[PDB]
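[1] With the input below, show me the fold.
(one chain, ligands or ions: 1)
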Amino acid sequence: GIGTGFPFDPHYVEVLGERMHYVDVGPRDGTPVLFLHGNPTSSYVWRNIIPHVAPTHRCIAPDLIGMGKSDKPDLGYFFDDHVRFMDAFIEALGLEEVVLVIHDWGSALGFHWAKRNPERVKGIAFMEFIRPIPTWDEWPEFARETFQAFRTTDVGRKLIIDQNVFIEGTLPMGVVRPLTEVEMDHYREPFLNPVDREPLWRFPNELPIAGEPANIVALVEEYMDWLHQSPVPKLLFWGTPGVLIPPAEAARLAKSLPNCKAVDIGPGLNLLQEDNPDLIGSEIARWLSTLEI
Ligand SMILES: [Cl-]
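    Numbers count the residues shown, from 1 in each chain. Sure, the structure comes next:
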């Protein structure tokens, strides 16, 4: 049974006038491993991966501003807002060198930070990550109509904010196995107050699809170009059929990105951590040792 509990003491740090919650376990010395979640999750999504890494490495898993147990100010929650809070979170923890383990919008944060701080990144493990989607054809057919509807103001906000469809519908449809009721309640908990669902709606409207929004496309293109030229060790997890990363794209990146190891997790959609956490956690732990310190 994939574990449903969240046995991590809460930690908080002041970041630009707000508090961010984070997991912090494992030994204090050595290179820390920074786990970055995306939409509509929290550090909860890493709960069954962290235990594989924490014996040998510090594990830091923040909740993005507006999400999880972090503070939820009255922001637009643009990607830019997440960048500012995460930059300040990393500095507030005094993090020097890090290994990144990143997913969905957390991977946009992680790659963008790595591009700007390349000397401080000792490895990146990533999965179902944000890349430019050049045409709506390159978005999975089964979720095309709904994400197109999410990317409207009136219909999209009614779906995501008023009716909480990204939590109640999109999130379970991002996992091959059924999420249990205990798991759904952990994911529901940050968003019981409808006004707090703003990040859940802004995030899909930030996705770089068919050239829009132009500012996000540009940013993502820039860090994908950095990633293609960087020698940083890379570990890419992928599933079948995937959502953001179909198997063919994973196979292409395994050869185009330098020093990149790709791992097939089996059946998977977006939240690969919920379908095969033991493989993801085991492989991260073993790969960390191959980085050799
Ligand atoms: Cl999204």
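[2] what number of residues lie near residue 47?
    Around residue 47 there are 23 other residues, counting by other C-beta atoms under 10 Å. In short, each C-beta sits where N, CA and C put it, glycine included.
[3] That one contacts residue 8, correct?
    Yes. Counting by C-beta atoms under 8 Å, residue 47 does reach residue 8; the two are 7.4 Å apart.
[4] What separation do you get for residue 222 and residue 112?
    Residue 222 sits 8 Å away from residue 112, taking C-beta to C-beta, to the nearest Å as the criterion.
[5] Please identify which of these two sits among more neighbours.
    Of the pair residue 222 and residue 112, residue 112 is the one with more neighbours under other C-beta under 10 Å, namely 21 against 14.
[6] ok, now which ones touch that one?
    By C-beta atoms under 8 Å, 6 or more residues apart in numbering, the contact set of residue 112 is 83, 219, 223.
[7] If we use 10 Å, what do you get?
    By C-beta atoms under 10 Å, 6 or more residues apart in numbering, the residues touching residue 112 are 79, 82, 83, 86, 87, 130, 219, 220, 222, 223, 226.
[8] Need the max-distance pair from those.
    Spanning the widest gap among the contacts of residue 112 are 82 and 226, at 18.6 Å by C-beta to C-beta.
[9] about what we covered before: make JSON lines out of the contacts of residue 112 and add distance to the ion.
    Output for the contacts of residue 112, formatted as JSON lines (distance: C-beta to the ion, whole Å):
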{"residue": "79", "distance to the ion": "10"}
{"residue": "82", "distance to the ion": "12"}
{"residue": "83", "distance to the ion": "16"}
{"residue": "86", "distance to the ion": "16"}
{"residue": "87", "distance to the ion": "21"}
{"residue": "130", "distance to the ion": "9"}
{"residue": "219", "distance to the ion": "15"}
{"residue": "220", "distance to the ion": "13"}
{"residue": "222", "distance to the ion": "20"}
{"residue": "223", "distance to the ion": "17"}
{"residue": "226", "distance to the ion": "22"}
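[10] Just the buried ones from the residues you listed?
    Neighbour-count burial (16 or more other C-beta atoms under 10 Å) applied to the contacts of residue 112 gives 79, 82, 83, 86, 87, 130, 219, 220, 223, 226.
[11] Need the three-state assignment for the residue lying closest to residue 43 once chain neighbours are set aside.
    Nearest residue to residue 43, sequence neighbours excluded (C-beta to C-beta, 6 or more residues apart in numbering): residue 61, at 3.9 Å. Under DSSP: H, G, I helix; E, B strand; the rest coil, residue 61 falls in the strand class.
[12] wouldn't residue 61 be in contact with residue 51 here?
    No. Using C-beta atoms under 10 Å, residue 61 is not in contact with residue 51; the gap is 11.8 Å.
[13] Looking at these two, which has the bigger crowd around it?
    Neighbours per residue (other C-beta under 10 Å) separate residue 61 from residue 51, with residue 61 holding more: 27 against 19.
[14] Just the helices from the stretch 151-293 of the chain, written as ranges.
    154-157, 165, 181-188, 198-206, 214-229, 247-256, 272-275, 277-290 (DSSP state H, counting those that start in this stretch).
[15] Perfect, that will be all.
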